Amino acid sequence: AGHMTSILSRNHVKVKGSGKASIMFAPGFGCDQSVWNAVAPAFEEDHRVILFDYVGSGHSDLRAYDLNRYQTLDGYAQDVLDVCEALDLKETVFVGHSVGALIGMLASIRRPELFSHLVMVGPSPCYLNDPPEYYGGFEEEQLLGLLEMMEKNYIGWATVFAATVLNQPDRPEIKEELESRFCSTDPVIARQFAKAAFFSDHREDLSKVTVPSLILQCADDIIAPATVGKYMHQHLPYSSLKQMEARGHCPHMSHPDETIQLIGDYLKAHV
């Protein structure tokens, strides 16, 4: 019933700025569009900026949620496609953080003509260790452990996982923020999201990406170690790799200035 508006509502879609091209920003796990507050507004000057939420975010009607659709990342890739269709876009730059980068990647394989560039901030095609070929950074039991803790002691998991992704003990404020964001997210949906994200394996899909991609690798990132970014650079047909000085897995919130710089340099070079 009035689908364009229903999509715009379900995904809290907003457009800002103005320009010939547009940049869609996609949050990482447990985050809403506001995590982009320190980065995204720097691009409104020259581009229409698109922000949106995945279903399941605290202030979410949740009456838009569907058990089956979001069981796998495809359901998430479908939301991105839905937003692009509602906004009636012909093409757009896509900036995604963490699992958001992969969600964007999946949608690009389904509809490549819809994406000009894929800017990935801290991506991983698989979090599982697979020596000798691949080192995702986690043993199945480690991920299975966090999943279990998510069910038994959610609040506890929120603070433990927040500490882990940031990997910056001398930066408590960003730490408490991520923690709050995790506590504010529907736990049932969050667990479905975590499972779908941390157990997926997209290594075989890298070769299918035909859209140009920029991989921003973080330093001392526990979630997405340097080896995963290097591996992605190697297997993605059209890509470039950039080692950030930024530490942890969330540079867009802990080091917004460098994040803005690298993304700006890239778009400036491919315009």
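Start at 1 with the first residue shown and count on from there.
Engineer: Quick one: say whether 116-124 or 143-151 has the higher mean Cα B-factor in the deposited entry.
Structural biologist: Mean B over CA atoms: larger for 143-151.
Engineer: Averaging only over Cα atoms, indicate whether 68-76 or 169-177 has the higher B-factor in the PDB entry.
Structural biologist: Going by the record's values, the stretch with the higher mean is 169-177.
Engineer: Reading the B-factor column of the entry, which of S98, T92, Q192, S200 has the highest value at its C-alpha atom?
Structural biologist: Of the candidates given, the C-alpha B-factor peaks at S200.
Engineer: Of the choices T210, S239, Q33, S57, which one's C-alpha carries the largest B-factor in the record?
Structural biologist: The record points to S57.
Engineer: Classify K14 as lowest, middle or highest third according to the C-alpha B-factor given in the PDB entry, relative to its own chain.
Structural biologist: Answer is lowest: the recorded C-alpha B-factor places it there.
Engineer: Considering only modelled residues of the same chain, in which third does the CA B-factor of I215 rank: lowest, middle or highest?
Structural biologist: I215: CA B-factor falls in the middle third of its chain.
Engineer: Using the B-factors in the PDB entry, rank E44's C-alpha atom against the chain and give the third, lowest, middle or highest.
Structural biologist: Tercile = middle for this residue's CA B-factor.
Engineer: Thinking about Cα B factors across the chain, which third does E245 belong to?
Structural biologist: Highest third - that is where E245 ends up once the chain's C-alpha B-factors are sorted.
Engineer: Please say which third, lowest, middle or highest, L51 falls into when its CA temperature factor is compared across its chain.
Structural biologist: Answer is lowest: the recorded C-alpha B-factor places it there.
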